[PDB]
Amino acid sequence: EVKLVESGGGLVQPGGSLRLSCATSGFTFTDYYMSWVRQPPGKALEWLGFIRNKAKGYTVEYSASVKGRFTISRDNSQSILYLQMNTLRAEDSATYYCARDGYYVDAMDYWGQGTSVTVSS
């Protein structure tokens, strides 16, 4: 059973930081990219970035909307994915999903449940 579990969600004050976690199992972690996607309430899914697989040296990319602000890293020893979000804004208030990705299907084929982040004064 492939499983992805997001955590770290909660209340953050405007300007602040939050580190999200994504614990995985059921597949060879290092063979895949991992992406972070978010979705503010009522709005579209927005791809934030990904970290590549072993074959690609675990390099990273980011959407222009969070490039600089957001950071993605992965822990291959424990098969956990992370997202460091900085300078939080109200427009960052959203559900945050981690998703298995890669150039096998060039898509996100497994998704976590998500964790919600609320940026409140």
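All residue numbers are counted from 1 along the displayed sequence.
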| query | finding |
| --- | --- |
| Unmodelled in at least a third of other entries of this protein, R74 | no |
| Gap at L88 across at least one third of the other PDB entries | yes |
| 8 to 16 versus 93 to 101 - greater average Cα B-factor per the deposited record | 8 to 16 |
| 51 to 59 versus 83 to 91 - which carries the larger mean C-alpha B factor in the record | 83 to 91 |
| Residue with highest C-alpha B-factor in the PDB entry, from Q78, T30, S35, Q39 | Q78 |
| Third of chain Cα B-factors occupied by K67 | highest |
